[PDB]
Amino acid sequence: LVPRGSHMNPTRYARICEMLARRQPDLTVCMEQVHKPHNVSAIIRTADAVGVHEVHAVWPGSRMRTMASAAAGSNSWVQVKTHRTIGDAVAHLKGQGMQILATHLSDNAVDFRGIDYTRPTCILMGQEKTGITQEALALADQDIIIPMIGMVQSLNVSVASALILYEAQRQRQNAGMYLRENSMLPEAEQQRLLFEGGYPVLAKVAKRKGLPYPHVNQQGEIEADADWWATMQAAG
C-alpha cells in the first residue's frame, strides 16, 4: 500500500491534493532563451510558489536545452514544455486563450500592475542581456515594465519573473482564485502528479519498465493489481 521509506501518508496526500486544488493552469511564464541554470531554477521555483502547473521555454539549440536540463527538472510539481521557436510557443499559448505579456521597455509599455492577471496569462521573459526578441515583441499583446525609481534600469531575469508572477498571485488571491474544492486540473493530471510527485523514484521505475502509473488513494497508498506489483519488483 505505502512502500517502506516513502514519505506518503494521509497528511502528505492532503498537502499534495490541496496544492493541486490551488493550481492555476491558465497562468504561465515562457522563457525566451533564458538558459542559465540559476535563472531557470529560480523562475520555476516562483512559478510553483504562485500555482503555475506548466512553464514554457524556447531553447532552440541543443547545448542550451542540455545546460538547462537539470534546472528544467528541479521541481516535481512544475513541468517544462519546450518549443523550437517563439512563434511555436505563442501559437500554443494563444491557443489556450492566454494574453501574451512581453517584459520589455518601449513607449507603449505599461506598469505591470495595470494588467488583469485573473484572466488566462502568459508572462514572456527574455534572455540576458539582450531582452525579448523583435520577433517575440511582434507576437505579444502588450509590453509590461517593472518601474525602477532609482538610477539602475535593469533587474536580473529571475527577480523580474518573481515580481510579475507575485503580482499575478496578489490579484488571484485578492479574487479568491486559490480557494477551490476541486482542481481546475483534469483528474488524470492530478493522479499523474500524485504518483510522480508522491513516489518520484517509483514513477521513473514505472516509466523505464513501460508500466502505467497506478491509483493513489486518500491514505496516500498505492492501489494496483498483483501483476503491476510483480513487474515493478522484478530486476530491473
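All residue numbers are counted from 1 along the displayed sequence.
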| query | finding |
| --- | --- |
| Higher-scoring stretch by recorded Cα B factor average, 24-32 or 64-72 | 64-72 |
| Mean Cα B-factor comparison, 84-92 or 153-161, giving the higher one as deposited | 84-92 |
| Top residue by Cα temperature factor, when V52, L211, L179, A42 are compared in the entry | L211 |
| Record-listed C-alpha B factor of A188: chain third | highest |
| For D143, the third of its chain into which the C-alpha B factor falls | middle |
| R113, C-alpha B-factor rank within chain (lowest, middle or highest third) | lowest |
| Chain-relative CA temperature factor third for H38 | middle |
| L124 by Cα B-factor - lowest, middle or highest third of the modelled chain | lowest |
